[PDB]
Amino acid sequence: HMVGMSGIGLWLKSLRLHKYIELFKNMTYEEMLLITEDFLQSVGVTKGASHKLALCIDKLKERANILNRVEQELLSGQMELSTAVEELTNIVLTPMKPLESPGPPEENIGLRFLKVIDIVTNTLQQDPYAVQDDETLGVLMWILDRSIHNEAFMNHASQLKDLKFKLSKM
């Protein structure tokens, strides 16, 4: 697989679409983002899966805005941690290019994702009852878990394990 596509299989499995793993064979990250429902129907994907995958690809394109929004609303106190962690859950397994990918930092998905993780874990440790929310804390630990193994975060794995360790001891 090419840059940013090492997690394509796990992502598809998460959407119950791993049946189409071969479609991505030598596809580049940029090509994946050019996928349309029309293209999928044309290459043998059922109309149902074509629509669903097209929707998922569209959501991939919204990641930067979603992360930007979560960052903002958490900093303003408008968004609950449970909500922020739910949003992250739907992004953590998506195909992400390495942090070292040149371009506007604001559009660097991996970077925005790690930024939100910092805000979340920081807001958490400052919440007197944070420890009492077993559900939210459990999802977050799973997120850190999947992030530690995301090749795009290769050079941050150490910091992530540390963070996850700190939280496990609250």
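One rule holds for the numbers: they count along the sequence shown, beginning at 1.
Undergrad: Report the stretch with the higher mean CA temperature factor, choosing between 123 to 131 and 28 to 36 on the basis of the entry.
TA: Between 28 to 36 and 123 to 131, it is 123 to 131 that shows the higher mean C-alpha B-factor.
Undergrad: Please work out which of 84 to 92 and 68 to 76 has the higher mean CA B-factor as recorded in the PDB entry.
TA: Comparing 84 to 92 with 68 to 76, the higher mean C-alpha B-factor belongs to 68 to 76.
Undergrad: Compared with the other modelled residues in the chain, in which third is the CA B-factor of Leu12?
TA: Lowest third, going by the recorded CA B-factors of the chain.
Undergrad: Using the B-factors in the PDB entry, rank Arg112's C-alpha atom against the chain and give the third, lowest, middle or highest.
TA: CA B-factor rank for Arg112: lowest third.
Undergrad: Can you work out whether the C-alpha temperature factor of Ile148 puts it in the lowest, middle or highest third of the chain?
TA: According to the entry, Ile148 has a C-alpha B-factor in the chain's middle third.
Undergrad: Would the CA B-factor of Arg63 place it in the lowest, middle or highest third of its chain?
TA: Ranked within chain, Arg63 CA B lands in the lowest tercile.
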